[PDB]
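Below sits a lone chain in structure tokens, taken as the form deposited in one PDB entry.
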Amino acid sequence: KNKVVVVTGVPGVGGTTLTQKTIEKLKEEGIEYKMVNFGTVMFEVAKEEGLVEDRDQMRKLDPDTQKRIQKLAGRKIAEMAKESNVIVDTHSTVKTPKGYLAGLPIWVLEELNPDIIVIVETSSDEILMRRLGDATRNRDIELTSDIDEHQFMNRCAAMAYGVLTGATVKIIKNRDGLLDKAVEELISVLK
């Protein structure tokens, strides 16, 4: 009871838009999912402690501070899952200056116990271009091969999640012009 779905992707791949369009379309049939953004759970604890003005400052903090707030947020979100189904928008790995940080390290992974881990992907081309069109959230404008490296290490981390807990790992394409098709696939997956 109470399903826990994790939705992941490098910044710019659009996992948030996918989650939101799928949830509003799930509610047309009375399938209620609550969206939880893990970075927002984290960003409220950080903003309480003075470590960050905004949320793009979090992947740059010392990784032991990152892991400390990540663990809190996983506990908090696990509690949210006791009340309703949740789709958790978060990361297979977070890119930090000191490397990729697993977003669900085994202790956090065990606390959420997701049923399905979704990887939202597209070509690094389209990601870089989406990142450059948004002068709101200031994201890594990195080379496309750096983007591909991230999507590469996201697959690796995510599949280890599946080896550890038995969750299925679903890859869904969210390509420029075809968001609707990513929603049909994610919707179909949650039934």
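Residues that one form lacks are left out of the comparison. Residue numbers run from 1 along the displayed sequence. C-alpha atoms forming the largest set that superposes within 1.5 Å between two forms make up the rigid core.
Taking only CA atoms, the mean B-factor in the PDB entry is higher for 28 to 36 than for the other of 152 to 160 and 28 to 36. Annotation for 118 to 126 versus 39 to 47: the higher mean temperature factor (C-alpha) is found in 39 to 47. Remark: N113 belongs to the middle third of its chain, ranked by C-alpha B-factor as recorded. Ranked by Cα temperature factor within the chain, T96 sits in the middle third according to the deposited record. Per the deposited record, the Cα B-factor of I106 falls in the middle third when ranked against the other modelled residues of its chain. Among the modelled residues of its chain, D140 has a C-alpha B-factor that falls in the middle third, as given in the PDB entry. Ranked against the other modelled residues of its chain, the C-alpha B-factor of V88 as given in the entry falls in the lowest third.
One more form of this protein, deposited in another entry, exists but is not displayed; see below.
For the residues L101, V108, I116, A81, superposed on the rigid core between this form and the one not shown, a C-alpha shift of 2 angstroms or more shows up only at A81. Superposition on the rigid core between this form and the one not shown places the CA atom of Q66 2 Å or more away from its counterpart.
For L128, a C-alpha deviation below 2 angstroms is recorded between this form and the one not shown after rigid-core alignment.
Comparing the forms between this form and the one not shown on their rigid core, the Cα displacement of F43 reaches 2 Å or more.
Under a 2 Å criterion for C-alpha shift, the lone consecutive stretch of 3+ residues that differs between this form and the one not shown after core superposition lies at 39 to 83.
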